[PDB]
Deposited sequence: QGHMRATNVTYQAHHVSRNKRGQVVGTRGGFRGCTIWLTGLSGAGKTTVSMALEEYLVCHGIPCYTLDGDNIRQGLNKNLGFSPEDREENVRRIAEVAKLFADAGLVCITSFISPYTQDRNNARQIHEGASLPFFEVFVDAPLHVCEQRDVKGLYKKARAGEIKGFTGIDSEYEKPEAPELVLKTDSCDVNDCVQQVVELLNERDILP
């Protein structure tokens, strides 16, 4: 017996109030990829760039989320489904609020990344899937603690070893972090945000 309550404030007014030299630019930048591939690195520099150009944003990192909102979830397929589902719902509120939301979660199931997109596109919010792509071995020698414990059978169902990572087929962007610079990665994301009319 739950029935929806409408807001009094439109997106257009929100974009007037949040962003200086306004225009509503609420969206979500969804980073996806193996552990140690470069998602958090890339998302924190993107957040830095954005704040330095007067564009309000927040970063939701799986690791951070997973000690607060999702502290009660593990790494079974079903928990990762629910991990991703909740954060898709959270990110949708941030883009609806007027902010560029940046997420950095492994998010290893295509079905779940597509659901996250539909949550946004349904609500007429732009959703940018960015594949952060570093070869497994590169991600592994970058590690500290986890890959080692996982090869020893102390972390069961670890993405890339024991559990599969499902690659996006045709994302908005692929970031080759083994051959690409941190600033260069960030610039590519900005270039995308330029065309897609988020950054002036």
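Taken in order along the deposited sequence, the stretches absent from the coordinates are 1-7, 151.
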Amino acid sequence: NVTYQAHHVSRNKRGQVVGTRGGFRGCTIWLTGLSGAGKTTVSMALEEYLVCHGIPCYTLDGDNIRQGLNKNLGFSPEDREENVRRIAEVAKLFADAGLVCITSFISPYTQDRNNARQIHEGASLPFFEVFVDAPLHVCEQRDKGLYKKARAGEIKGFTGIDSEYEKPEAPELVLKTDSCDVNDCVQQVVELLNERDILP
From here on, numbers count along this sequence of modelled residues.
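As the entry records it, the average C-alpha temperature factor is higher for 97-105, out of 97-105 and 73-81. Set 54-62 against 155-163 and average the Cα temperature factors; 155-163 ends up higher. Of the candidates 68, 168, 33, 145, the deposited coordinates give 145 the top C-alpha B factor. Among all modelled residues in its chain, residue 173 ranks in the middle third by Cα B-factor.
Split the chain's modelled residues into thirds by C-alpha temperature factor. Residue 27 is in the middle one.
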